[PDB]
Amino acid sequence: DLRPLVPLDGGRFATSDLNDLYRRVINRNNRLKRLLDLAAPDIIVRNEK
Amino acid sequence: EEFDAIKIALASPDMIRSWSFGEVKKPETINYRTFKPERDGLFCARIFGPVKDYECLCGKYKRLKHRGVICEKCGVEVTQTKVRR
Amino acid sequence: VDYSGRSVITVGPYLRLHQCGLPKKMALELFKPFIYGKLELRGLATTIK
Amino acid sequence: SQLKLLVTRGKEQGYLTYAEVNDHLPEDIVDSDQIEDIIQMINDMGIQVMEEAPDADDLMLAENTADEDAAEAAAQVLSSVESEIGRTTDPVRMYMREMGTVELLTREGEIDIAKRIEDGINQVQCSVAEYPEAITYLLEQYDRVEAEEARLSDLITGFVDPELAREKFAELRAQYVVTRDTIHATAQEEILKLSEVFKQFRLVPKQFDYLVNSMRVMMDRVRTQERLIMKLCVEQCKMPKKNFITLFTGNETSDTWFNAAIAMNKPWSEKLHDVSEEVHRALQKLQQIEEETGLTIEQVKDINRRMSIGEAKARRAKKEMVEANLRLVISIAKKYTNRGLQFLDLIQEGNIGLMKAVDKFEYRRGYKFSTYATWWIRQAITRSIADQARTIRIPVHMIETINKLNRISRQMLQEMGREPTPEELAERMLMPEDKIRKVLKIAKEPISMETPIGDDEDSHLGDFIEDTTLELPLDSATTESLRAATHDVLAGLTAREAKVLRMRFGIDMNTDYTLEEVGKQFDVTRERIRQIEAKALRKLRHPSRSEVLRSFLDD
Amino acid sequence: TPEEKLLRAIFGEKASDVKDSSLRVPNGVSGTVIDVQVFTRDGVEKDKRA
Ligand SMILES: [Zn+2]
């Protein structure tokens, strides 16, 4: 609730930006975990980190 | 709440777990059809508390007497909604 | 800040210097809680509504 | 050094300019990212401009901040960045430069790379056919599957109808049992038949992972037991490598080369006396592993070594091919640079897709690996751009519907001339005329709540979205007043009256009860409760007793 | 809530599911409504006044 996702009138939502940034970071963390399970070549894991 | 001096220092990891209420894991936020929050993304119910005051997510428990009990179906600690904050 | 307002200031020479003029309507909008207390005190309205 | 002269001029003159800094800078870098970094450093330095215009008057006049202990580090960073080399900035360019050290062609050298890959898979396949618990696992899965606790088509992913597979399961069952029922006259022939009857089958990759994980656990057991042997003999008794491997090699099964070695009249033999039982346990687990499998621990090591070497060769071929095809991935991923996602995220999705393509390629259909993997790359990046691009996540079929609507909207918006209506889209598209409303409601992004609503002093859209769920202070005062009123009213009853009328409601207690509990309290789960409740309701309906309550009526 | 519910019981006043959100004139103005215009998405049965 410090970075809400308020329902604006019309279905359009007016969210803060931290939702966007955390979404990016959670994506990249999950993707790095997924790369590690496969054990990709080191260029891949390096670019991911 | 007349506390004291305020204090600042590094954010030790296990401290950051004591601050926690459950690991965020997924990038979803809401559900695009019912605008309840998907579990568990940036938002949640079981992590960061209930949406509506004293009302579960799935809706099993909806009375003031049931405050504190976490619903067995979606683990949402039925409490106030300012605990979402 | 709740309990505030504003307006166009004006001249008003009929005042001692320890009293600013003020509209009836800004007054009755700033002092609603005070009014409500006094009105439930003098029994002119049994309930606050 | 001259950039240090820029530093001293910025110190004295009190500012700089784009022309000044661009004059003094070290030549030959000019990427404009290093430039932006160095300009931010000079800002973080004593200089606080960076300028364009020289001045500046009474408008914020005579400004300065000392900021000691930042100047000495900033000027240091300048003098170090100039003198040594020009450092790279950002990470897309990191990835470019780091993969540009890839020899960027395999014109039918893909055949050799796939050769190495087949080498790895086939060495590990010989490991498969040779690992006894592999065949026991297959037989156990067959029984579990036949009863109906699991499926046949879930275990093995086809040979080179599940009844064909099942008769083959019985065929290999007989092969393995005849291999096992000769305990040393024809054992090699037995393993030969087993390998040549099992080396045209196949399993699910996750079933093979389970095989390899039981194998890895076997290796972990043997390695822990060799720890229990050698780290307890050598590193506990001064029994060095030579004097330990003299008896640790070759046979490596019996307890004799440890126990009798204790009696060879040596210092290590005079130190192994209390580690005798521990190494005895070690060799006992080793011979129990023998009991388990049937093959010596040295054969265990040789088999897992061949497996590991094939695995390393295959992984290395995979690495080499993917390093090659990173360029292909970049080229194909450039085509989505504003879908709602980053260039690097696109190319990383492509990396994953290219890895899957490598893992599912064969030359036995004569493909060209470049155009083969192009499909996998584009499909994986499409799946990603659908799944994890929108803020609120919409499903895949929904994204397909949305792009259909956009294609048809463009077609109509230059066919019909002006633009199409939903009633016209519901007949170019063939949707139910209401799904189109819901689709074109849903498929739009959210607005950034830090959007600048610059129509004010300086504001933001976020500062204008009021709170809806807060209870008015008027409401809270009314609630408290009503509590007081109804409390005095209920006090204006009897003890039994007030108790029943609190209990059957939720007044001044927890959640409200049932007539079952009302009766469990007042002895009568019966009309006594109804009498009291309805009669007290009638009693409080009395004007001159509930007039204040009905004045609490917001009508 | 509590005793509000006791009120509901005593008086039988049924709180509808309906919520008043009508457009009420901004406080302070006293004019003559000179003209009303109505718009309608073409999926709603136009009312009487439209
Ligand atoms: Zn629940």
# chains A, B, ... in the order shown; residues from 1 in each chain; ligands from 1
$ residues_near_ligand --ligand "ligand 1" --cutoff "12 Å" --atoms "only C-alpha atoms and all ligand atoms" --output "short mmCIF file (atom, residue, chain, number, x, y, z; two decimals) with N, CA and C atoms, in the first residue's frame"
data_model
loop_
_atom_site.label_atom_id
_atom_site.label_comp_id
_atom_site.auth_asym_id
_atom_site.auth_seq_id
_atom_site.Cartn_x
_atom_site.Cartn_y
_atom_site.Cartn_z
N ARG B 39 -1.62 -14.79 -5.95
CA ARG B 39 -0.69 -15.20 -4.90
C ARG B 39 0.41 -16.10 -5.44
N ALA B 45 -2.18 -11.78 -0.53
CA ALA B 45 -3.01 -11.75 0.65
C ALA B 45 -2.31 -12.41 1.83
N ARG B 46 -1.72 -13.57 1.62
CA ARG B 46 -1.12 -14.27 2.74
C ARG B 46 0.16 -13.59 3.20
N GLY B 49 -1.12 -9.45 4.11
CA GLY B 49 -2.34 -9.24 4.84
C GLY B 49 -3.57 -9.17 3.98
N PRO B 50 -4.73 -9.03 4.60
CA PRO B 50 -5.99 -9.15 3.88
C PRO B 50 -6.34 -7.87 3.13
N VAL B 51 -7.18 -8.03 2.11
CA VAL B 51 -7.61 -6.89 1.32
C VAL B 51 -8.65 -6.09 2.07
N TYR B 54 -10.91 -7.62 7.94
CA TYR B 54 -11.49 -8.76 8.65
C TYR B 54 -12.20 -9.70 7.69
N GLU B 55 -11.67 -9.84 6.49
CA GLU B 55 -12.29 -10.74 5.53
C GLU B 55 -11.21 -11.48 4.77
N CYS B 56 -11.34 -12.80 4.72
CA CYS B 56 -10.38 -13.68 4.08
C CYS B 56 -10.27 -13.37 2.59
N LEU B 57 -9.41 -14.08 1.89
CA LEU B 57 -9.35 -13.89 0.44
C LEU B 57 -10.42 -14.71 -0.26
N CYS B 58 -10.43 -16.03 -0.04
CA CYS B 58 -11.49 -16.86 -0.57
C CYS B 58 -12.82 -16.61 0.12
N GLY B 59 -12.81 -16.12 1.35
CA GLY B 59 -14.03 -15.72 2.01
C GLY B 59 -14.58 -16.69 3.03
N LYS B 60 -13.76 -17.60 3.55
CA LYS B 60 -14.28 -18.54 4.53
C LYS B 60 -14.63 -17.84 5.84
N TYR B 61 -13.78 -16.94 6.31
CA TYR B 61 -13.91 -16.35 7.64
C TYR B 61 -14.16 -14.85 7.51
N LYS B 62 -15.31 -14.39 7.99
CA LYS B 62 -15.71 -12.99 7.81
C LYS B 62 -16.36 -12.40 9.06
N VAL B 69 -7.09 -16.05 13.06
CA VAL B 69 -7.03 -17.36 12.45
C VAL B 69 -6.72 -17.21 10.97
N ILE B 70 -5.72 -17.94 10.50
CA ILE B 70 -5.35 -17.92 9.10
C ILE B 70 -6.16 -18.99 8.38
N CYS B 71 -6.89 -18.58 7.35
CA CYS B 71 -7.76 -19.49 6.63
C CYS B 71 -6.97 -20.65 6.06
N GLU B 72 -7.48 -21.85 6.27
CA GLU B 72 -6.78 -23.06 5.85
C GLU B 72 -6.69 -23.17 4.34
N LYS B 73 -7.49 -22.41 3.61
CA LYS B 73 -7.62 -22.55 2.17
C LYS B 73 -6.70 -21.60 1.41
N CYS B 74 -6.48 -20.40 1.95
CA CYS B 74 -5.54 -19.47 1.32
C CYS B 74 -4.70 -18.72 2.35
N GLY B 75 -4.56 -19.27 3.55
CA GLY B 75 -3.58 -18.83 4.54
C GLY B 75 -3.51 -17.35 4.85
N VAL B 76 -4.58 -16.62 4.58
CA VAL B 76 -4.59 -15.18 4.76
C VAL B 76 -4.96 -14.87 6.20
N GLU B 77 -4.05 -14.27 6.93
CA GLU B 77 -4.31 -13.91 8.31
C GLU B 77 -5.40 -12.86 8.35
N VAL B 78 -6.62 -13.25 8.72
CA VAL B 78 -7.72 -12.30 8.78
C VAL B 78 -7.44 -11.27 9.86
#
$ closest_atom_pairs --of "chain D" --to "chain B" --cutoff "9 Å" --atoms "only C-alpha atoms" --output "JSON lines"
{"residue": "D:388", "atom": "CA", "partner": "B:27", "partner_atom": "CA", "distance": 7.7}
{"residue": "D:391", "atom": "CA", "partner": "B:29", "partner_atom": "CA", "distance": 7.4}
{"residue": "D:392", "atom": "CA", "partner": "B:30", "partner_atom": "CA", "distance": 5.6}
{"residue": "D:393", "atom": "CA", "partner": "B:28", "partner_atom": "CA", "distance": 6.1}
{"residue": "D:394", "atom": "CA", "partner": "B:32", "partner_atom": "CA", "distance": 6.4}
{"residue": "D:442", "atom": "CA", "partner": "B:32", "partner_atom": "CA", "distance": 7.2}
{"residue": "D:509", "atom": "CA", "partner": "B:65", "partner_atom": "CA", "distance": 8.4}
{"residue": "D:510", "atom": "CA", "partner": "B:65", "partner_atom": "CA", "distance": 4.8}
{"residue": "D:511", "atom": "CA", "partner": "B:65", "partner_atom": "CA", "distance": 5.0}
{"residue": "D:512", "atom": "CA", "partner": "B:65", "partner_atom": "CA", "distance": 8.7}
$ interface_residues --of "chain C" --to "chain E" --cutoff "12 Å" --atoms "only C-alpha atoms" --output "PDB file with N, CA, C and O atoms, in the first residue's frame"
ATOM      1  N   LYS C  25     -19.718  32.098   6.392  1.00  0.00           N
ATOM      2  CA  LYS C  25     -19.694  30.787   5.761  1.00  0.00           C
ATOM      3  C   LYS C  25     -18.366  30.075   5.961  1.00  0.00           C
ATOM      4  O   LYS C  25     -18.343  28.865   6.208  1.00  0.00           O
ATOM      5  N   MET C  26     -17.249  30.791   5.896  1.00  0.00           N
ATOM      6  CA  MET C  26     -16.004  30.159   6.301  1.00  0.00           C
ATOM      7  C   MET C  26     -16.051  29.769   7.767  1.00  0.00           C
ATOM      8  O   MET C  26     -15.484  28.750   8.157  1.00  0.00           O
ATOM      9  N   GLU C  29     -17.973  26.642   8.176  1.00  0.00           N
ATOM     10  CA  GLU C  29     -17.308  25.470   7.638  1.00  0.00           C
ATOM     11  C   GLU C  29     -16.054  25.079   8.400  1.00  0.00           C
ATOM     12  O   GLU C  29     -15.647  23.919   8.325  1.00  0.00           O
TER      13      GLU C  29
END
$ select_by_dssp --residues "chain B" --states "helix (DSSP H, G or I)" --output "PyMOL selection string"
chain B and resi 13-18+64-66+82-84
$ atom_distance --atom1 "atom CA of residue 283 of chain D" --atom2 "atom CA of residue 187 of chain D"
24.8 Å
$ residues_around --residues "residue 37 of chain D" --least-positions-apart "4" --cutoff "12 Å" --atoms "only C-alpha atoms" --output "list in words"
residues 30, 31, 32, 33, 41, 42, 43, 44, 74, 77, 78, 81, 86, 87, 88, 89 and 90 of chain D
$ write_last_selection --atoms "N, CA, C and O atoms" --output "PDB file, in the first residue's frame"
ATOM      1  N   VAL D  30      35.165   8.645 -26.399  1.00  0.00           N
ATOM      2  CA  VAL D  30      33.996   9.250 -27.052  1.00  0.00           C
ATOM      3  C   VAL D  30      32.820   8.301 -27.256  1.00  0.00           C
ATOM      4  O   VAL D  30      32.179   8.355 -28.311  1.00  0.00           O
ATOM      5  N   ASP D  31      32.527   7.418 -26.301  1.00  0.00           N
ATOM      6  CA  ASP D  31      31.355   6.561 -26.434  1.00  0.00           C
ATOM      7  C   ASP D  31      30.080   7.304 -26.054  1.00  0.00           C
ATOM      8  O   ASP D  31      28.981   6.922 -26.475  1.00  0.00           O
ATOM      9  N   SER D  32      30.210   8.367 -25.261  1.00  0.00           N
ATOM     10  CA  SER D  32      29.145   9.213 -24.715  1.00  0.00           C
ATOM     11  C   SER D  32      28.445   8.545 -23.536  1.00  0.00           C
ATOM     12  O   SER D  32      27.521   9.139 -22.963  1.00  0.00           O
ATOM     13  N   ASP D  33      28.845   7.335 -23.156  1.00  0.00           N
ATOM     14  CA  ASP D  33      28.424   6.730 -21.902  1.00  0.00           C
ATOM     15  C   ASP D  33      29.494   6.900 -20.836  1.00  0.00           C
ATOM     16  O   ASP D  33      29.200   7.298 -19.704  1.00  0.00           O
ATOM     17  N   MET D  41      30.731  12.412 -12.517  1.00  0.00           N
ATOM     18  CA  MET D  41      31.808  12.425 -11.532  1.00  0.00           C
ATOM     19  C   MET D  41      32.287  13.843 -11.266  1.00  0.00           C
ATOM     20  O   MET D  41      32.561  14.214 -10.120  1.00  0.00           O
ATOM     21  N   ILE D  42      32.412  14.644 -12.322  1.00  0.00           N
ATOM     22  CA  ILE D  42      32.814  16.035 -12.145  1.00  0.00           C
ATOM     23  C   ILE D  42      31.733  16.812 -11.410  1.00  0.00           C
ATOM     24  O   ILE D  42      32.029  17.725 -10.631  1.00  0.00           O
ATOM     25  N   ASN D  43      30.463  16.473 -11.645  1.00  0.00           N
ATOM     26  CA  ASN D  43      29.397  17.022 -10.811  1.00  0.00           C
ATOM     27  C   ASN D  43      29.566  16.591  -9.361  1.00  0.00           C
ATOM     28  O   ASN D  43      29.480  17.412  -8.443  1.00  0.00           O
ATOM     29  N   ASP D  44      29.813  15.301  -9.135  1.00  0.00           N
ATOM     30  CA  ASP D  44      30.059  14.824  -7.781  1.00  0.00           C
ATOM     31  C   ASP D  44      31.373  15.357  -7.232  1.00  0.00           C
ATOM     32  O   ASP D  44      31.595  15.328  -6.019  1.00  0.00           O
ATOM     33  N   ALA D  74      36.779  11.536  -6.000  1.00  0.00           N
ATOM     34  CA  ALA D  74      36.346  11.776  -7.369  1.00  0.00           C
ATOM     35  C   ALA D  74      37.525  12.104  -8.278  1.00  0.00           C
ATOM     36  O   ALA D  74      37.645  11.546  -9.379  1.00  0.00           O
ATOM     37  N   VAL D  77      39.301   9.033  -9.033  1.00  0.00           N
ATOM     38  CA  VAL D  77      38.651   8.192 -10.030  1.00  0.00           C
ATOM     39  C   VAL D  77      38.923   8.734 -11.425  1.00  0.00           C
ATOM     40  O   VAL D  77      39.124   7.970 -12.375  1.00  0.00           O
ATOM     41  N   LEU D  78      38.958  10.059 -11.565  1.00  0.00           N
ATOM     42  CA  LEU D  78      39.297  10.653 -12.857  1.00  0.00           C
ATOM     43  C   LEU D  78      40.710  10.273 -13.285  1.00  0.00           C
ATOM     44  O   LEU D  78      40.919   9.726 -14.379  1.00  0.00           O
ATOM     45  N   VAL D  81      40.866   6.623 -14.232  1.00  0.00           N
ATOM     46  CA  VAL D  81      40.150   6.202 -15.433  1.00  0.00           C
ATOM     47  C   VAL D  81      40.899   6.656 -16.677  1.00  0.00           C
ATOM     48  O   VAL D  81      40.915   5.967 -17.704  1.00  0.00           O
ATOM     49  N   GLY D  86      40.191   2.692 -20.898  1.00  0.00           N
ATOM     50  CA  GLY D  86      38.822   3.176 -20.927  1.00  0.00           C
ATOM     51  C   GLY D  86      37.864   2.040 -20.614  1.00  0.00           C
ATOM     52  O   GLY D  86      37.723   1.095 -21.391  1.00  0.00           O
ATOM     53  N   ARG D  87      37.207   2.138 -19.462  1.00  0.00           N
ATOM     54  CA  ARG D  87      36.261   1.122 -19.004  1.00  0.00           C
ATOM     55  C   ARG D  87      34.915   1.111 -19.725  1.00  0.00           C
ATOM     56  O   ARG D  87      34.378   2.159 -20.079  1.00  0.00           O
ATOM     57  N   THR D  88      34.378  -0.088 -19.929  1.00  0.00           N
ATOM     58  CA  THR D  88      33.083  -0.276 -20.577  1.00  0.00           C
ATOM     59  C   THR D  88      31.946   0.130 -19.640  1.00  0.00           C
ATOM     60  O   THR D  88      32.090   0.060 -18.421  1.00  0.00           O
ATOM     61  N   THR D  89      30.821   0.554 -20.204  1.00  0.00           N
ATOM     62  CA  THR D  89      29.675   0.967 -19.395  1.00  0.00           C
ATOM     63  C   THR D  89      28.370   0.295 -19.831  1.00  0.00           C
ATOM     64  O   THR D  89      28.169   0.024 -21.013  1.00  0.00           O
ATOM     65  N   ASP D  90      27.498   0.022 -18.862  1.00  0.00           N
ATOM     66  CA  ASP D  90      26.206  -0.621 -19.113  1.00  0.00           C
ATOM     67  C   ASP D  90      26.430  -2.115 -19.246  1.00  0.00           C
ATOM     68  O   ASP D  90      27.565  -2.576 -19.148  1.00  0.00           O
TER      69      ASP D  90
END
$ interface_residues --of "chain B" --to "chain A" --cutoff "8 Å" --atoms "only C-alpha atoms" --output "ChimeraX atom specification"
/B:25-28,42,84-85
$ atom_distance --atom1 "atom CA of residue 32 of chain E" --atom2 "atom CA of residue 8 of chain C"
26.8 Å
$ closest_atom_pairs --of "chain D" --to "chain E" --cutoff "6 Å" --atoms "only C-alpha atoms" --output "tab-separated table"
residue	atom	partner	partner_atom	distance
D:506	CA	E:2	CA	5.3
D:507	CA	E:2	CA	4.9
D:537	CA	E:10	CA	5.7
$ atom_distance --atom1 "atom CA of residue 172 of chain D" --atom2 "atom CA of residue 297 of chain D"
25.2 Å
$ interface_residues --of "chain D" --to "chain A" --cutoff "8 Å" --atoms "only C-alpha atoms" --output "MDAnalysis selection string"
chainID D and resid 91 94:95 98:99 318:319 322:323 348 351:352 355 388 391 441:442 444:450 462
$ write_last_selection --atoms "N, CA, C and O atoms" --output "mmCIF file, in the first residue's frame"
data_model
loop_
_atom_site.group_PDB
_atom_site.id
_atom_site.type_symbol
_atom_site.label_atom_id
_atom_site.label_comp_id
_atom_site.auth_asym_id
_atom_site.auth_seq_id
_atom_site.Cartn_x
_atom_site.Cartn_y
_atom_site.Cartn_z
ATOM 1 N N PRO D 91 25.369 -2.880 -19.483
ATOM 2 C CA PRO D 91 25.579 -4.329 -19.646
ATOM 3 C C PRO D 91 25.210 -4.952 -20.985
ATOM 4 O O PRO D 91 25.710 -6.034 -21.301
ATOM 5 N N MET D 94 28.425 -4.760 -22.488
ATOM 6 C CA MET D 94 29.200 -5.831 -21.882
ATOM 7 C C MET D 94 28.978 -7.135 -22.622
ATOM 8 O O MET D 94 29.933 -7.796 -23.033
ATOM 9 N N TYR D 95 27.715 -7.510 -22.802
ATOM 10 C CA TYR D 95 27.383 -8.767 -23.457
ATOM 11 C C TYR D 95 27.878 -8.790 -24.894
ATOM 12 O O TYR D 95 28.443 -9.794 -25.341
ATOM 13 N N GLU D 98 31.631 -9.173 -24.877
ATOM 14 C CA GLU D 98 32.082 -10.430 -24.302
ATOM 15 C C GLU D 98 31.777 -11.598 -25.224
ATOM 16 O O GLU D 98 32.502 -12.597 -25.211
ATOM 17 N N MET D 99 30.729 -11.491 -26.042
ATOM 18 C CA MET D 99 30.443 -12.533 -27.019
ATOM 19 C C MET D 99 31.132 -12.297 -28.351
ATOM 20 O O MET D 99 31.256 -13.239 -29.142
ATOM 21 N N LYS D 318 27.792 -28.164 -26.320
ATOM 22 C CA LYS D 318 26.658 -27.269 -26.146
ATOM 23 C C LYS D 318 27.128 -25.831 -25.980
ATOM 24 O O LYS D 318 26.599 -24.913 -26.618
ATOM 25 N N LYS D 319 28.119 -25.626 -25.112
ATOM 26 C CA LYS D 319 28.651 -24.290 -24.872
ATOM 27 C C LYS D 319 29.185 -23.683 -26.155
ATOM 28 O O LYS D 319 28.935 -22.513 -26.460
ATOM 29 N N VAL D 322 26.380 -22.704 -28.529
ATOM 30 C CA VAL D 322 25.574 -21.573 -28.084
ATOM 31 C C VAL D 322 26.369 -20.283 -28.187
ATOM 32 O O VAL D 322 25.826 -19.224 -28.539
ATOM 33 N N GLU D 323 27.660 -20.336 -27.857
ATOM 34 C CA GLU D 323 28.521 -19.187 -28.081
ATOM 35 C C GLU D 323 28.475 -18.775 -29.539
ATOM 36 O O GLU D 323 28.412 -17.583 -29.853
ATOM 37 N N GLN D 348 17.926 -12.739 -23.466
ATOM 38 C CA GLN D 348 18.057 -13.824 -22.498
ATOM 39 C C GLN D 348 16.984 -14.883 -22.682
ATOM 40 O O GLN D 348 17.258 -16.088 -22.552
ATOM 41 N N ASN D 351 18.398 -16.798 -25.298
ATOM 42 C CA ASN D 351 19.424 -17.722 -24.834
ATOM 43 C C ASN D 351 18.789 -19.020 -24.366
ATOM 44 O O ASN D 351 19.232 -20.119 -24.728
ATOM 45 N N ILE D 352 17.738 -18.907 -23.560
ATOM 46 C CA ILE D 352 17.053 -20.104 -23.075
ATOM 47 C C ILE D 352 16.496 -20.903 -24.243
ATOM 48 O O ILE D 352 16.603 -22.137 -24.297
ATOM 49 N N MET D 355 19.144 -22.718 -26.093
ATOM 50 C CA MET D 355 19.583 -23.894 -25.353
ATOM 51 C C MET D 355 18.625 -25.054 -25.572
ATOM 52 O O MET D 355 19.046 -26.198 -25.787
ATOM 53 N N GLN D 388 5.190 -12.212 -19.564
ATOM 54 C CA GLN D 388 5.764 -11.373 -18.518
ATOM 55 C C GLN D 388 6.071 -9.966 -19.008
ATOM 56 O O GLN D 388 7.098 -9.383 -18.674
ATOM 57 N N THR D 391 1.729 -5.422 -17.218
ATOM 58 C CA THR D 391 1.860 -5.275 -15.775
ATOM 59 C C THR D 391 0.987 -6.284 -15.053
ATOM 60 O O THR D 391 1.488 -7.169 -14.356
ATOM 61 N N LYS D 441 -11.539 -3.372 -23.194
ATOM 62 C CA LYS D 441 -11.389 -2.800 -21.865
ATOM 63 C C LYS D 441 -10.108 -3.276 -21.199
ATOM 64 O O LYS D 441 -9.386 -2.486 -20.581
ATOM 65 N N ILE D 442 -9.815 -4.568 -21.316
ATOM 66 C CA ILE D 442 -8.765 -5.167 -20.506
ATOM 67 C C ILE D 442 -7.386 -4.864 -21.059
ATOM 68 O O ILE D 442 -6.446 -4.624 -20.299
ATOM 69 N N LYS D 444 -5.389 -2.728 -22.046
ATOM 70 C CA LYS D 444 -4.610 -1.499 -21.959
ATOM 71 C C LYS D 444 -3.737 -1.486 -20.709
ATOM 72 O O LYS D 444 -4.114 -2.024 -19.665
ATOM 73 N N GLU D 445 -2.575 -0.848 -20.823
ATOM 74 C CA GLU D 445 -1.617 -0.760 -19.737
ATOM 75 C C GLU D 445 -2.186 0.047 -18.579
ATOM 76 O O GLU D 445 -3.290 0.590 -18.661
ATOM 77 N N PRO D 446 -1.449 0.141 -17.478
ATOM 78 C CA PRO D 446 -1.781 1.121 -16.447
ATOM 79 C C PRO D 446 -0.986 2.405 -16.602
ATOM 80 O O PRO D 446 0.098 2.435 -17.183
ATOM 81 N N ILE D 447 -1.548 3.477 -16.053
ATOM 82 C CA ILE D 447 -0.886 4.775 -16.053
ATOM 83 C C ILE D 447 0.098 4.829 -14.898
ATOM 84 O O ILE D 447 -0.144 4.257 -13.831
ATOM 85 N N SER D 448 1.215 5.517 -15.108
ATOM 86 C CA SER D 448 2.264 5.598 -14.102
ATOM 87 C C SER D 448 1.878 6.616 -13.043
ATOM 88 O O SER D 448 1.799 7.811 -13.329
ATOM 89 N N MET D 449 1.668 6.151 -11.811
ATOM 90 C CA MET D 449 1.104 7.007 -10.776
ATOM 91 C C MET D 449 2.033 8.138 -10.379
ATOM 92 O O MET D 449 1.619 9.013 -9.616
ATOM 93 N N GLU D 450 3.267 8.146 -10.864
ATOM 94 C CA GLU D 450 4.111 9.323 -10.796
ATOM 95 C C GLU D 450 4.048 10.150 -12.064
ATOM 96 O O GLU D 450 4.975 10.920 -12.332
ATOM 97 N N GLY D 462 -0.466 10.809 -8.751
ATOM 98 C CA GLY D 462 -0.594 10.070 -7.508
ATOM 99 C C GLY D 462 -1.110 10.908 -6.357
ATOM 100 O O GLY D 462 -1.775 10.394 -5.459
#
$ interface_residues --of "chain C" --to "chain D" --cutoff "9 Å" --atoms "only C-alpha atoms" --output "list in words"
residues 46, 47, 48 and 49 of chain C
$ write_last_selection --atoms "C-alpha atoms" --output "CSV table (one decimal), in the first residue's frame"
chain,number,residue,atom,x,y,z
C,46,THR,CA,-30.4,14.5,20.2
C,47,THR,CA,-28.1,12.7,17.9
C,48,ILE,CA,-25.1,14.0,15.9
C,49,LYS,CA,-26.7,13.3,12.5
$ decode --residues "segment 9-21 of chain E" --atoms "N, CA and C atoms" --output "PDB file, in the first residue's frame"
ATOM      1  N   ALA E   9     -32.822  -4.892  13.879  1.00  0.00           N
ATOM      2  CA  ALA E   9     -33.791  -5.845  14.404  1.00  0.00           C
ATOM      3  C   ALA E   9     -35.005  -5.136  14.983  1.00  0.00           C
ATOM      4  N   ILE E  10     -34.777  -4.082  15.766  1.00  0.00           N
ATOM      5  CA  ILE E  10     -35.875  -3.398  16.438  1.00  0.00           C
ATOM      6  C   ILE E  10     -36.803  -2.743  15.433  1.00  0.00           C
ATOM      7  N   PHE E  11     -36.264  -2.263  14.319  1.00  0.00           N
ATOM      8  CA  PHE E  11     -37.053  -1.470  13.391  1.00  0.00           C
ATOM      9  C   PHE E  11     -37.278  -2.154  12.050  1.00  0.00           C
ATOM     10  N   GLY E  12     -36.619  -3.278  11.790  1.00  0.00           N
ATOM     11  CA  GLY E  12     -36.806  -3.978  10.532  1.00  0.00           C
ATOM     12  C   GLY E  12     -36.393  -3.207   9.300  1.00  0.00           C
ATOM     13  N   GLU E  13     -35.585  -2.162   9.450  1.00  0.00           N
ATOM     14  CA  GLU E  13     -35.154  -1.359   8.313  1.00  0.00           C
ATOM     15  C   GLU E  13     -34.126  -2.139   7.505  1.00  0.00           C
ATOM     16  N   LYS E  14     -34.475  -2.478   6.272  1.00  0.00           N
ATOM     17  CA  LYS E  14     -33.610  -3.292   5.431  1.00  0.00           C
ATOM     18  C   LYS E  14     -32.662  -2.375   4.672  1.00  0.00           C
ATOM     19  N   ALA E  15     -31.371  -2.471   4.973  1.00  0.00           N
ATOM     20  CA  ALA E  15     -30.362  -1.699   4.258  1.00  0.00           C
ATOM     21  C   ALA E  15     -30.157  -2.299   2.875  1.00  0.00           C
ATOM     22  N   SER E  16     -30.656  -1.622   1.847  1.00  0.00           N
ATOM     23  CA  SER E  16     -30.589  -2.160   0.499  1.00  0.00           C
ATOM     24  C   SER E  16     -29.141  -2.298   0.036  1.00  0.00           C
ATOM     25  N   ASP E  17     -28.961  -3.054  -1.048  1.00  0.00           N
ATOM     26  CA  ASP E  17     -27.673  -3.170  -1.720  1.00  0.00           C
ATOM     27  C   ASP E  17     -27.385  -1.984  -2.622  1.00  0.00           C
ATOM     28  N   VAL E  18     -28.251  -0.996  -2.606  1.00  0.00           N
ATOM     29  CA  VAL E  18     -28.191   0.143  -3.503  1.00  0.00           C
ATOM     30  C   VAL E  18     -27.406   1.253  -2.829  1.00  0.00           C
ATOM     31  N   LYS E  19     -26.626   1.985  -3.612  1.00  0.00           N
ATOM     32  CA  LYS E  19     -25.726   2.996  -3.080  1.00  0.00           C
ATOM     33  C   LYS E  19     -25.988   4.306  -3.800  1.00  0.00           C
ATOM     34  N   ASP E  20     -26.342   5.339  -3.043  1.00  0.00           N
ATOM     35  CA  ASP E  20     -26.587   6.648  -3.631  1.00  0.00           C
ATOM     36  C   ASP E  20     -25.270   7.299  -4.011  1.00  0.00           C
ATOM     37  N   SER E  21     -25.128   7.655  -5.280  1.00  0.00           N
ATOM     38  CA  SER E  21     -23.954   8.385  -5.728  1.00  0.00           C
ATOM     39  C   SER E  21     -24.341   9.449  -6.731  1.00  0.00           C
TER      40      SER E  21
END
